[PDB]
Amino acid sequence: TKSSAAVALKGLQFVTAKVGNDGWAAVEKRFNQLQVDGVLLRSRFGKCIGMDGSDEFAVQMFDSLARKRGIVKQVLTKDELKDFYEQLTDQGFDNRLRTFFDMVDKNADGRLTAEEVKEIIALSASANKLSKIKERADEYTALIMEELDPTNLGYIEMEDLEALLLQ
């Protein structure tokens, strides 16, 4: 239970967060921007929904949602997109657990193998460690620049790194 229940959760929370919780007015306006002849391409699905993840993650979510609906073209109308959206913002637990399951179940057989499970466990941990690292790096950068470029050239030079290290 203890470490396993919390690891399923970690994975759920991760997918939920990559999808995000943008309201319909923001998703629809992006649709308006992204659509061509009234239709949203598969490749723009992540951007339309306001997703956080990789391109590949966005497209795989699209296919799991399409697959579920019997949609086989790779193009969505506003009404279809809206129906994909309704599912993804239903923040109910059953609903979220369902969408997570389908997302992690890449071959859509209604089972999850050791491989599928590890896949999403690794992605989520590693993407989360990367985001954290980039916030820190950002703060370490500001400190280096603040110290080696107090006069605000917008850069530092070789000479400044020497000094920083030889000392």
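Counting begins at 1, following the sequence as shown.
- 80-88 and 93-101 differ in mean CA B-factor, and the higher of the two is recorded for 93-101.
- The stretch 120-128 shows the higher mean C-alpha B-factor when 120-128 is compared against 35-43 in the entry.
- For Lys106, the recorded CA temperature factor ranks within the highest third of the chain's modelled residues.
- When the modelled residues of the chain are ordered by their C-alpha B factor, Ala26 lands in the lowest third.
- In the PDB entry, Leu9 places in the highest third of its chain by CA B-factor.
- In the deposited entry, the Cα temperature factor of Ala114 places it in the highest third of its chain's modelled residues.
- For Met51, the recorded CA B-factor ranks within the highest third of the chain. Only modelled residues enter the ranking.
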